[PDB]
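Here is entry-v2.tsv, consisting of TSV, C-alpha atoms and all ligand atoms:
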```tsv
chain	number	residue	atom	x	y	z
A	1	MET	CA	58.22	98.52	100.00
A	2	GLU	CA	54.93	97.16	101.35
A	3	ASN	CA	55.76	95.18	104.49
A	4	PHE	CA	57.00	98.55	105.73
A	5	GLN	CA	54.92	101.60	106.49
A	6	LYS	CA	57.39	104.47	106.28
A	7	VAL	CA	57.00	106.69	109.32
A	8	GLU	CA	59.49	109.49	108.61
A	9	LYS	CA	62.60	110.06	106.56
A	10	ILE	CA	65.36	109.70	109.17
A	11	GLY	CA	67.62	111.40	106.67
A	12	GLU	CA	70.03	111.08	103.78
A	13	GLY	CA	72.52	108.21	103.97
A	14	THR	CA	75.66	108.45	101.84
A	15	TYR	CA	74.29	105.52	99.80
A	16	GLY	CA	70.58	106.27	99.77
A	17	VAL	CA	67.66	107.34	101.91
A	18	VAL	CA	67.14	106.17	105.48
A	19	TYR	CA	63.58	105.92	106.72
A	20	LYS	CA	62.13	105.23	110.14
A	21	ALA	CA	59.71	102.43	109.35
A	22	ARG	CA	57.48	99.87	111.00
A	23	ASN	CA	57.41	96.20	110.03
A	24	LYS	CA	53.67	95.96	109.31
A	25	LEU	CA	53.96	92.24	110.01
A	26	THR	CA	56.11	92.25	113.15
A	27	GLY	CA	55.28	95.71	114.41
A	28	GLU	CA	58.93	96.44	115.24
A	29	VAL	CA	60.25	99.90	114.39
A	30	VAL	CA	63.38	99.88	112.29
A	31	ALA	CA	65.66	102.07	110.24
A	32	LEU	CA	65.20	101.14	106.61
A	33	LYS	CA	68.01	102.00	104.23
A	34	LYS	CA	67.26	101.91	100.49
A	35	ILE	CA	70.44	101.76	98.42
A	36	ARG	CA	71.15	103.88	95.34
A	41	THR	CA	70.87	101.09	90.33
A	42	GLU	CA	71.65	98.81	87.38
A	43	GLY	CA	72.38	95.59	89.26
A	44	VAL	CA	75.23	96.28	91.70
A	45	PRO	CA	77.92	93.66	92.48
A	46	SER	CA	76.25	90.65	94.12
A	47	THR	CA	79.63	89.35	95.28
A	48	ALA	CA	80.62	92.68	96.84
A	49	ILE	CA	77.32	92.95	98.71
A	50	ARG	CA	78.05	89.56	100.29
A	51	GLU	CA	80.20	91.57	102.68
A	52	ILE	CA	77.08	93.30	103.97
A	53	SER	CA	75.38	89.92	104.33
A	54	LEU	CA	78.34	89.03	106.52
A	55	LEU	CA	77.83	92.14	108.64
A	56	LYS	CA	74.62	90.61	110.01
A	57	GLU	CA	76.87	88.24	111.94
A	58	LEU	CA	78.81	91.07	113.55
A	59	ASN	CA	77.04	91.29	116.91
A	60	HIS	CA	78.23	93.68	119.57
A	61	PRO	CA	76.51	96.13	121.97
A	62	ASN	CA	78.23	99.09	120.34
A	63	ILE	CA	77.38	98.29	116.74
A	64	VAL	CA	73.94	98.90	115.24
A	65	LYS	CA	72.37	95.55	114.53
A	66	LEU	CA	71.86	94.88	110.83
A	67	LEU	CA	68.68	92.84	110.80
A	68	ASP	CA	68.35	92.30	107.02
A	69	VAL	CA	70.03	92.79	103.63
A	70	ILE	CA	67.50	92.65	100.77
A	71	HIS	CA	68.08	92.76	97.01
A	72	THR	CA	65.11	93.64	94.78
A	73	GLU	CA	64.68	96.15	91.92
A	74	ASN	CA	68.38	97.09	91.82
A	75	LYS	CA	67.39	98.50	95.19
A	76	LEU	CA	69.31	97.16	98.15
A	77	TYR	CA	67.32	97.37	101.39
A	78	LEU	CA	69.18	97.25	104.69
A	79	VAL	CA	67.13	96.85	107.83
A	80	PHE	CA	68.77	98.11	111.02
A	81	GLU	CA	67.50	98.11	114.63
A	82	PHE	CA	66.29	101.69	115.21
A	83	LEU	CA	67.92	104.11	117.67
A	84	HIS	CA	66.38	107.43	118.68
A	85	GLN	CA	69.16	109.94	118.25
A	86	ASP	CA	72.48	110.51	116.52
A	87	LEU	CA	75.51	112.06	118.18
A	88	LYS	CA	75.45	115.20	116.03
A	89	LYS	CA	71.95	116.17	117.18
A	90	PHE	CA	72.87	115.38	120.79
A	91	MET	CA	76.07	117.51	120.64
A	92	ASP	CA	74.12	120.37	119.06
A	93	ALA	CA	71.55	119.98	121.82
A	94	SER	CA	74.33	120.19	124.41
A	95	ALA	CA	76.26	122.95	122.62
A	96	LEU	CA	75.42	125.51	125.31
A	97	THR	CA	76.73	123.53	128.25
A	98	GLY	CA	78.71	120.80	126.53
A	99	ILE	CA	78.42	117.06	127.02
A	100	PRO	CA	79.67	116.20	130.51
A	101	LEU	CA	83.17	114.67	130.54
A	102	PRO	CA	82.06	111.45	132.21
A	103	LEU	CA	79.61	110.92	129.33
A	104	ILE	CA	82.19	111.94	126.73
A	105	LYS	CA	84.52	109.44	128.33
A	106	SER	CA	81.87	106.68	128.32
A	107	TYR	CA	80.90	107.23	124.69
A	108	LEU	CA	84.57	107.30	123.62
A	109	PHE	CA	85.26	104.09	125.56
A	110	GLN	CA	82.21	102.35	124.03
A	111	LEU	CA	83.04	103.44	120.48
A	112	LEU	CA	86.55	102.08	121.01
A	113	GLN	CA	85.12	98.74	122.17
A	114	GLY	CA	83.00	98.75	119.08
A	115	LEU	CA	85.96	99.53	116.86
A	116	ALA	CA	88.16	96.97	118.65
A	117	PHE	CA	85.52	94.36	117.83
A	118	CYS	CA	85.11	95.38	114.16
A	119	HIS	CA	88.84	95.59	113.61
A	120	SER	CA	89.40	92.18	115.21
A	121	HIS	CA	86.87	90.88	112.70
A	122	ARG	CA	88.68	92.67	109.92
A	123	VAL	CA	85.90	95.17	109.40
A	124	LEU	CA	86.77	98.82	108.97
A	125	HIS	CA	84.10	101.48	109.36
A	126	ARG	CA	85.91	104.13	107.27
A	127	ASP	CA	83.39	106.95	107.55
A	128	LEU	CA	82.93	107.67	111.23
A	129	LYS	CA	81.15	110.93	111.93
A	130	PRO	CA	78.82	112.26	114.64
A	131	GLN	CA	75.81	111.61	112.38
A	132	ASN	CA	76.78	107.89	112.07
A	133	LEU	CA	76.97	107.39	115.84
A	134	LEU	CA	73.66	106.47	117.44
A	135	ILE	CA	72.69	106.73	121.09
A	136	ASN	CA	69.77	105.46	123.17
A	137	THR	CA	68.18	106.46	126.46
A	138	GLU	CA	70.20	103.71	128.17
A	139	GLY	CA	73.50	105.54	127.81
A	140	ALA	CA	74.86	103.33	125.04
A	141	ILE	CA	76.26	104.61	121.74
A	142	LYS	CA	76.59	102.50	118.62
A	143	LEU	CA	78.53	102.60	115.36
A	144	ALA	CA	76.12	102.93	112.42
A	145	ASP	CA	76.54	102.96	108.66
A	146	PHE	CA	80.00	101.51	108.08
A	147	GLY	CA	81.51	102.65	104.80
A	148	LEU	CA	81.43	99.42	102.80
A	149	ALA	CA	83.86	101.14	100.41
A	150	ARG	CA	85.43	97.83	99.32
A	151	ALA	CA	81.95	96.53	98.43
A	152	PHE	CA	80.78	99.97	97.25
A	153	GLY	CA	83.12	102.89	97.85
A	154	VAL	CA	82.63	106.65	97.83
A	155	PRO	CA	80.45	108.36	95.14
A	156	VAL	CA	80.76	111.84	93.61
A	157	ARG	CA	78.50	112.86	96.53
A	158	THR	CA	76.36	110.31	98.41
A	159	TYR	CA	73.33	109.30	96.34
A	160	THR	CA	71.81	112.62	95.23
A	161	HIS	CA	74.27	115.54	95.06
A	162	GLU	CA	75.17	116.18	98.70
A	163	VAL	CA	78.26	117.71	100.32
A	164	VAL	CA	80.30	114.87	101.79
A	165	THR	CA	81.95	115.84	105.06
A	166	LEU	CA	85.72	115.51	105.14
A	167	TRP	CA	86.21	116.72	108.69
A	168	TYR	CA	86.99	113.27	110.18
A	169	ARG	CA	89.00	111.90	107.22
A	170	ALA	CA	92.48	110.55	108.04
A	171	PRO	CA	95.52	112.21	106.38
A	172	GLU	CA	96.58	109.04	104.53
A	173	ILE	CA	93.17	108.96	102.83
A	174	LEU	CA	93.50	112.64	101.88
A	175	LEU	CA	97.01	111.89	100.56
A	176	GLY	CA	95.59	109.32	98.14
A	177	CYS	CA	96.26	106.05	99.93
A	178	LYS	CA	94.38	103.23	98.24
A	179	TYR	CA	94.57	100.68	101.03
A	180	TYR	CA	92.58	101.62	104.10
A	181	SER	CA	93.97	100.61	107.49
A	182	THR	CA	91.85	100.26	110.66
A	183	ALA	CA	93.90	103.24	111.82
A	184	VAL	CA	91.68	105.50	109.70
A	185	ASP	CA	88.77	104.88	112.12
A	186	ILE	CA	90.92	105.75	115.05
A	187	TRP	CA	91.81	109.10	113.46
A	188	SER	CA	88.12	109.87	112.88
A	189	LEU	CA	87.16	108.91	116.44
A	190	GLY	CA	90.01	111.12	117.65
A	191	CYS	CA	88.52	114.05	115.72
A	192	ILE	CA	85.08	113.27	117.12
A	193	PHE	CA	86.54	113.05	120.65
A	194	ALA	CA	88.10	116.53	120.39
A	195	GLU	CA	84.81	117.83	118.97
A	196	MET	CA	82.72	116.61	121.91
A	197	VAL	CA	85.26	118.14	124.30
A	198	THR	CA	85.57	121.55	122.66
A	199	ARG	CA	82.19	121.80	120.97
A	200	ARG	CA	83.96	122.83	117.77
A	201	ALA	CA	84.87	120.61	114.81
A	202	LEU	CA	88.60	119.93	115.10
A	203	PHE	CA	89.40	120.14	111.36
A	204	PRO	CA	86.45	121.71	109.50
A	205	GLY	CA	87.76	121.62	105.93
A	206	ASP	CA	85.52	122.37	102.97
A	207	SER	CA	87.75	120.69	100.36
A	208	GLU	CA	90.30	117.91	100.45
A	209	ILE	CA	93.22	120.34	100.29
A	210	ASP	CA	91.67	122.71	102.79
A	211	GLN	CA	91.07	119.66	105.04
A	212	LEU	CA	94.65	118.54	104.62
A	213	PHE	CA	96.04	122.02	105.24
A	214	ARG	CA	93.90	122.48	108.36
A	215	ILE	CA	95.41	119.25	109.76
A	216	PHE	CA	98.94	120.44	108.83
A	217	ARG	CA	98.54	123.87	110.38
A	218	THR	CA	97.51	122.22	113.65
A	219	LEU	CA	99.67	119.07	113.88
A	220	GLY	CA	102.46	120.46	111.72
A	221	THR	CA	103.23	119.60	108.11
A	222	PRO	CA	104.35	115.95	108.27
A	223	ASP	CA	107.75	114.85	106.96
A	224	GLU	CA	109.84	111.69	106.75
A	225	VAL	CA	110.87	112.13	110.39
A	226	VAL	CA	107.40	111.90	111.92
A	227	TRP	CA	105.89	109.85	109.07
A	228	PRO	CA	108.34	107.62	107.19
A	229	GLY	CA	107.20	107.29	103.59
A	230	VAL	CA	104.83	110.27	103.65
A	231	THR	CA	106.65	111.98	100.75
A	232	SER	CA	105.97	108.83	98.71
A	233	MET	CA	102.18	109.17	99.07
A	234	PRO	CA	100.09	109.46	95.87
A	235	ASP	CA	99.02	113.09	96.33
A	236	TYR	CA	101.90	114.36	98.36
A	237	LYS	CA	103.51	117.47	96.85
A	238	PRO	CA	106.91	118.83	97.96
A	239	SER	CA	105.24	122.18	97.42
A	240	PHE	CA	102.96	121.76	100.49
A	241	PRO	CA	103.53	124.58	102.93
A	242	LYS	CA	105.72	123.77	105.93
A	243	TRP	CA	103.73	124.58	109.09
A	244	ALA	CA	105.11	124.06	112.57
A	245	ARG	CA	103.11	121.83	114.86
A	246	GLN	CA	100.97	123.79	117.30
A	247	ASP	CA	101.18	123.28	121.02
A	248	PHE	CA	98.62	120.55	121.75
A	249	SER	CA	97.36	122.36	124.89
A	250	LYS	CA	95.74	124.95	122.68
A	251	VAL	CA	93.93	122.29	120.68
A	252	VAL	CA	91.67	120.68	123.28
A	253	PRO	CA	91.41	122.67	126.51
A	254	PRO	CA	90.23	121.97	129.13
A	255	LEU	CA	90.74	118.24	128.45
A	256	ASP	CA	93.13	116.86	131.10
A	257	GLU	CA	96.60	115.44	130.32
A	258	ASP	CA	95.34	111.84	130.22
A	259	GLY	CA	92.84	112.90	127.58
A	260	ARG	CA	95.37	114.97	125.63
A	261	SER	CA	97.88	112.15	125.64
A	262	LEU	CA	95.33	109.66	124.38
A	263	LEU	CA	94.17	112.13	121.72
A	264	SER	CA	97.72	112.76	120.44
A	265	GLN	CA	98.15	109.02	120.05
A	266	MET	CA	94.90	108.75	118.09
A	267	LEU	CA	96.02	111.58	115.84
A	268	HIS	CA	99.51	110.36	115.04
A	269	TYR	CA	100.39	111.08	111.43
A	270	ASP	CA	102.03	107.70	110.85
A	271	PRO	CA	99.23	105.08	110.71
A	272	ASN	CA	101.66	102.50	112.14
A	273	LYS	CA	102.27	104.72	115.13
A	274	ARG	CA	98.57	105.60	115.62
A	275	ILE	CA	97.13	103.79	118.61
A	276	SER	CA	94.87	100.81	118.05
A	277	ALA	CA	91.38	100.68	119.55
A	278	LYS	CA	92.49	97.83	121.85
A	279	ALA	CA	95.48	99.68	123.32
A	280	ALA	CA	93.44	102.90	123.69
A	281	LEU	CA	90.98	100.93	125.83
A	282	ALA	CA	93.86	100.33	128.25
A	283	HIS	CA	94.93	104.00	128.26
A	284	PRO	CA	94.87	105.65	131.72
A	285	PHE	CA	92.25	108.13	130.51
A	286	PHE	CA	89.75	105.32	131.14
A	287	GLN	CA	90.76	104.42	134.70
A	288	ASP	CA	87.64	106.15	136.09
A	289	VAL	CA	85.28	105.47	133.20
A	290	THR	CA	81.60	104.90	134.07
A	291	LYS	CA	78.35	104.77	132.13
A	292	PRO	CA	76.23	107.84	132.84
A	293	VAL	CA	72.78	108.06	131.27
A	294	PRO	CA	72.29	111.05	128.96
A	295	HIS	CA	69.42	113.55	129.15
A	296	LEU	CA	67.69	112.79	125.87
A	297	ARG	CA	64.92	114.81	124.32
A	298	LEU	CA	63.01	112.62	121.86
A	301	LIG	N1	69.40	102.16	112.84
A	301	LIG	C1	69.33	103.55	112.73
A	301	LIG	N2	68.56	104.30	113.61
A	301	LIG	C2	68.63	105.60	113.37
A	301	LIG	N3	68.01	106.52	114.15
A	301	LIG	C3	67.97	107.85	114.21
A	301	LIG	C4	69.03	108.64	113.61
A	301	LIG	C5	69.04	110.04	113.74
A	301	LIG	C6	68.00	110.67	114.47
A	301	LIG	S1	68.04	112.40	114.72
A	301	LIG	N4	68.81	113.09	113.34
A	301	LIG	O1	68.92	112.57	115.87
A	301	LIG	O2	66.65	112.89	114.78
A	301	LIG	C7	66.93	109.91	115.07
A	301	LIG	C8	66.92	108.50	114.93
A	301	LIG	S2	69.64	106.01	112.01
A	301	LIG	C9	69.99	104.30	111.80
A	301	LIG	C10	70.91	103.90	110.73
A	301	LIG	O3	71.34	102.74	110.70
A	301	LIG	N5	71.28	104.87	109.88
A	301	LIG	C11	72.20	104.82	108.79
A	301	LIG	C12	72.04	103.87	107.70
A	301	LIG	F1	71.00	102.99	107.66
A	301	LIG	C13	73.00	103.86	106.62
A	301	LIG	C14	74.10	104.77	106.63
A	301	LIG	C15	74.25	105.71	107.71
A	301	LIG	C16	73.31	105.73	108.78
A	301	LIG	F2	73.46	106.62	109.81
```
Could you write out this structure as structure tokens?
Ligand SMILES: Nc1nc(Nc2ccc(S(N)(=O)=O)cc2)sc1C(=O)Nc1c(F)cccc1F
Amino acid sequence: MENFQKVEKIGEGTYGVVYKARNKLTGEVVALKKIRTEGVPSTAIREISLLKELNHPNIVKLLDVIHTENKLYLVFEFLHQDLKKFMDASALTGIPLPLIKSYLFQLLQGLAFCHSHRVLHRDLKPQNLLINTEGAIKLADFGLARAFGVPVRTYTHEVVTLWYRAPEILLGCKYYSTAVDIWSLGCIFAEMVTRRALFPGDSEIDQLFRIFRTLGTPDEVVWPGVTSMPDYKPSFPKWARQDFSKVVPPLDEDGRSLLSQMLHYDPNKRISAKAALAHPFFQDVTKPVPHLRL
């Protein structure tokens, strides 16, 4: 705007443009997010203003929420790399399990905190997870779908990723549950392990059918009420669930068990972030430091 000398465009947020900027008056480097118009709900945004009070080591600190010119500016502490770039960087050898384990454990702590404060992220994806040289990983973005929602793209015609979207969202559920974040983190967990997106759908139905072909088409047995969902069709194909051992090798049984619980069809059966933190997969969790190329 003026108190900020844009350094580089960090990228394209699903609400606007994110810039790496420097506070010309404080000298601190931050991530500046400019929001997409004709006023925007001032009562809805209050949520955001409440997010400044959500302080946790695994959540990106929201330093400021500014309203001026129908442009909403969000100032976040700046982190040097997102998880997608890091995974791509490690694609050849894979992220080491101890690090995968540490990031998973930290993201769960972050989610446990948000969920206990009644905040849902709703759009977890590798690109929204930020890491530093210290070995920490933080939740960035946060949907803010109740105070904003999901556009016909993001802010300027851009292919929204559906890969980490929970089945109840794909089936037209209106009320989000904190369980949707768990599903997404589960997908991200499998992705770090295998170095392949778990459910790479390029359309809502393709996304849904990819989930079904892998976990089996859900029914009233495994998911009471599923046939009552808004977009459920009795015409959906009936795929048998695939053996889970083929889904995430060579993840051990502790990891597979935790993953199956994070990917339970029924949201009420899906494990919470708090219980997952107590899962035996984390008995030997540590905090390695990643090899970061900045
Ligand atoms: N605070 C913050 N720091 C970032 N750093 C950063 C990100 C990616 C790379 S990369 N691609 O690895 O070179 C480097 C640095 S993005 C970001 C944020 O909060 N971002 C942000 C936002 F403002 C609103 C919605 C989603 C977001 F991810």
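With only C-alpha atoms as the atoms that count, the residue of A:168, A:146, A:19, A:4 with the shortest distance to residue 208 (chain A) is A:168.
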Check your understanding: Separation of CA of residue 195 (chain A) and CA of residue 88 (chain A), in Å?
Key -> 10.2 Å
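The residue that comes closest to residue 5 (chain A), out of A:218, A:25, A:271, A:17 and on the basis of only C-alpha atoms, is A:25.
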For the interface of chain A with ligand LIG 301 (chain A) (cut-off 9 Å, counting only C-alpha atoms and all ligand atoms), please tabulate each contacting residue of chain A alongside its nearest pair of atoms and their separation in Å to one decimal, rows sorted by chain and increasing number, as CSV.
```
residue,atom,partner,partner_atom,distance
A:10,CA,A:LIG301,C4,5.9
A:11,CA,A:LIG301,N4,7.0
A:12,CA,A:LIG301,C15,7.9
A:13,CA,A:LIG301,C14,4.6
A:14,CA,A:LIG301,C14,6.2
A:15,CA,A:LIG301,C14,6.9
A:16,CA,A:LIG301,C13,7.7
A:17,CA,A:LIG301,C13,7.9
A:18,CA,A:LIG301,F1,5.5
A:19,CA,A:LIG301,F1,8.0
A:20,CA,A:LIG301,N3,7.2
A:30,CA,A:LIG301,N1,6.5
A:31,CA,A:LIG301,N1,4.6
A:32,CA,A:LIG301,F1,6.2
A:33,CA,A:LIG301,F1,4.7
A:34,CA,A:LIG301,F1,8.2
A:35,CA,A:LIG301,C13,8.8
A:64,CA,A:LIG301,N1,6.1
A:65,CA,A:LIG301,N1,7.4
A:66,CA,A:LIG301,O3,7.9
A:78,CA,A:LIG301,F1,6.7
A:79,CA,A:LIG301,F1,7.3
A:80,CA,A:LIG301,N1,4.5
A:81,CA,A:LIG301,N1,4.8
A:82,CA,A:LIG301,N2,3.8
A:83,CA,A:LIG301,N2,4.1
A:84,CA,A:LIG301,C8,3.9
A:85,CA,A:LIG301,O1,3.6
A:86,CA,A:LIG301,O1,4.2
A:87,CA,A:LIG301,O1,7.0
A:88,CA,A:LIG301,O1,7.0
A:89,CA,A:LIG301,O1,4.9
A:90,CA,A:LIG301,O1,6.9
A:131,CA,A:LIG301,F2,6.1
A:132,CA,A:LIG301,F2,4.2
A:133,CA,A:LIG301,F2,7.0
A:134,CA,A:LIG301,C4,6.4
A:135,CA,A:LIG301,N3,8.4
A:143,CA,A:LIG301,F2,8.5
A:144,CA,A:LIG301,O3,5.1
A:145,CA,A:LIG301,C14,3.7
A:146,CA,A:LIG301,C14,6.9
A:147,CA,A:LIG301,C14,7.9
A:298,CA,A:LIG301,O2,8.0
```
Practice item. Return the single residue from A:194, A:175, A:69, A:186 that is closest to residue 222 (chain A), with distances computed using all atoms listed in the file. Key: A:175
Exercise for review: With a distance cut-off of 9 Å and all atoms listed in the file, select the neighbouring residues of residue 220 (chain A), excluding the residue or stretch itself and same-chain residues fewer than 2 positions from it, and output the selection as a list in words.
Suggested key: residues 215, 216, 217, 218, 222, 242, 243, 244, 245 and 246 of chain A
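Each of A:284, A:166, A:184, A:228 was compared to residue 203 (chain A) using only C-alpha atoms, and A:166 turns out to be the nearest.
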Practice item. May I have the residues at most 8 Å from (87.6, 120.8, 112.2) in the file's coordinates, counting all atoms listed in the file, as number ranges by chain? Key: A: 167-168, 191, 195, 200-205, 214
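In terms of minimum interatomic distance to residue 224 (chain A), A:269 ranks closest within A:269, A:77, A:248, A:187, counting all atoms listed in the file.
CA of residue 41 (chain A) is positioned 10.5 Å from CA of residue 159 (chain A).
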10 Å contact set for residue 176 (chain A), all atoms listed in the file, chain neighbours under 4 positions out, as a PDB file with C-alpha atoms, in the frame of the given file:
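Listing of result07.pdb after writing:
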```pdb
ATOM      1  CA  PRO A 171      95.520 112.210 106.380  1.00  0.00           C
ATOM      2  CA  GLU A 172      96.580 109.040 104.530  1.00  0.00           C
ATOM      3  CA  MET A 233     102.180 109.170  99.070  1.00  0.00           C
ATOM      4  CA  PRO A 234     100.090 109.460  95.870  1.00  0.00           C
ATOM      5  CA  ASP A 235      99.020 113.090  96.330  1.00  0.00           C
ATOM      6  CA  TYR A 236     101.900 114.360  98.360  1.00  0.00           C
TER       7      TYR A 236
END
```
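For the set A:96, A:29, A:49, A:140, the residue with the smallest atom-to-atom gap to residue 199 (chain A) is A:96, counting only C-alpha atoms.
Atom pair CA of residue 94 (chain A) / CA of residue 294 (chain A) has a distance of 10.4 Å (rounded to one decimal).
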Practice item. Neighbourhood query: residues within 12 Å of (88.1, 101.1, 123.8), file coordinates, counting all atoms listed in the file; return as number ranges by chain. Key: A: 62, 105-119, 186, 189-190, 262, 266, 275-287, 289
Exercise for review: Extract, using only C-alpha atoms, all DNA, RNA and protein residues at most 9 Å from residue 98 (chain A), discarding same-chain residues fewer than 5 positions from it, and format them as a list in words.
Suggested key: residues 91, 92, 93, 196, 197, 198 and 199 of chain A
